[PDB]
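First, one chain by itself in structure tokens, the form deposited in one PDB entry.
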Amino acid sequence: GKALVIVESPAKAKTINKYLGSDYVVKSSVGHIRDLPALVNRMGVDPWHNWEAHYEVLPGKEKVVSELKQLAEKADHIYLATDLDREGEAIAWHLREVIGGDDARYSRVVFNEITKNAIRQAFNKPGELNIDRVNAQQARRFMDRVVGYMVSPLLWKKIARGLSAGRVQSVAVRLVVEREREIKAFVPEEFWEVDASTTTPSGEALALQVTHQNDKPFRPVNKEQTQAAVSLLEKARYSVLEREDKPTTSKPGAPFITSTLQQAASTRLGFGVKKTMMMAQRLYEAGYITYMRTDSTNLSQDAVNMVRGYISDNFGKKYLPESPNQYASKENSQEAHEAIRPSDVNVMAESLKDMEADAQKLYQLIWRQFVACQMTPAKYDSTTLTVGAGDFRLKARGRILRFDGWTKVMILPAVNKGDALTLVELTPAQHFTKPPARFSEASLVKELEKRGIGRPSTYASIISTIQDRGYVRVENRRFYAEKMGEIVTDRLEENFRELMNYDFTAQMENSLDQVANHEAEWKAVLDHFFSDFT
């Protein structure tokens, strides 16, 4: 009968409750409490009557709503403590609209971390439900509903029952299909490379690749031109034309954001996209990391000071940059203002108490990326040898690590300019250009991000769905378009070319953000969407 705080999961309720006093009753409403269900009747949304929607409490959740009602009235003030993004904003909105009461009866608290300071400042300066966000979510919802209920039927008719088209997953399948057709159509190009094994004045071995002939790039295309070059190279005199020594540096990557976390988690840990977000959310809800749906590589000042503090103690001076390493500002298309990082750098992956082995591995990846992004660059001594042999130009590259810098948390022989090199053996080799590489789970996420097709909340879903529906399959960690995906794609491009257009999809995603950021109105965006779509 004090103050009621609503969160979306038991796990989140147990953690936030640690930072809320006696006058706070924390209750969770597992996921979506309310949602969408002739053609308009089934969709639960009317594109022909200014997007009139018909929401209804989820099947069976009729109890939860009541448990909340008689608990809310029994409450002083109601705090909507859902995740910070527009999705959590709509869940908050649905809760307020179902429990009822006056608006001044609710507050929307915002935090991107479940810690003592974060929850304090969140309940200290509570805000109001942001209607633009809610409308952005609704608009995305209505767009997906319209596409699915109006396109899936054509797939049932022209191909098979059980098939379903998605506004974004459809374009994602096209990306894999095109790549499949690009690969099958690829015609290998023959080309040769000549290498030269040589000896330094002191004896040390040195391998060189022929790069230029008569000051033009060396690219023989057949056995005949190669044999000619080899014959000249056999009788030429080899001498070092140049030894370029330059200090090179390697900078650490930026702290993670949703897409980069999925890419690295897949490549470095073999974790599937859905698994990463599941472990990530587990970590976030237990208060170990910052919100996991973000496209901001920005880091708060406190987090930066703390990890720099950690870097001094555990690595020393030479690893601590002069000034902090900045990557991006807090402003981005999405709601999250910070990157994915640990809530406390002092907490190692090995100390997490209620986490499975995989959630620990992920935290470990998140932790190391975060600490490394504030460490100094790795320093290398690069060596480029340019060798002359008659009319030919040869080169050899070398590199030796001087300072590991950030890599701590994760060679050519000697010869001077003018030195003579003894030709030991020439190795002419025939090769064939390779087809475009196939998509990996990591390169597909990157592709989706690069084209503006995906968002932090859809990357995973988009990649999981297309595999489940059977349009693509993964084999040996690489993506293969399935015949069914190719067939659905061609039919979709015939009947709905606009839907299958990359720029259309990316525009709609941008338009959604615009609604969220008060730069566009949702019904107008939906009107333009439905208009392009039909």
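Just so we're on the same page, rigid core means the largest C-alpha set that superposes within 1.5 Å between forms. Residues carry their position along the shown sequence, with the first being 1.
The form deposited with a small molecule bound is left out here; the points below concern that form.
None of the heavy atoms of residue 135 is located within 4.5 Å of the small molecule in the entry with it bound. Using a 4.5 angstroms limit between non-hydrogen atoms, residue 17 is distant from the small molecule in the entry with it bound. In the entry with it bound, the small molecule stays beyond 4.5 Å of every heavy atom belonging to residue 107. When contacts are judged by a 4.5 Å heavy atom cut-off, residue 96 does not count as touching the small molecule in the entry with it bound. Among the residues 275, 282, 337, 243, the one placing a heavy atom within 4.5 Å of the small molecule in the entry with it bound is 337. Comment: the small molecule is not present in this chain, but in the entry with it bound one of 449, 113, 87, 180 has a heavy atom within 4.5 Å of it, namely 87.
Of the candidate stretches 301-309, 349-357, 453-461, 418-426, only 453-461 contains residues with a heavy atom within 4.5 Å of the small molecule in the entry with it bound.
Note: rigid core superposed between this form and the one not shown; among 129, 229, 95, 118, the CA shift is 2 Å or more only at 229. Shown in the overlay between this form and the one not shown, fitted on the rigid core, is a CA shift at residue 104 smaller than 2 Å. Relative to the superposed rigid core, residue 185 undergoes a CA displacement smaller than 2 Å between this form and the one not shown. Relative to the superposed rigid core, residue 246 undergoes a CA displacement smaller than 2 Å between this form and the one not shown.
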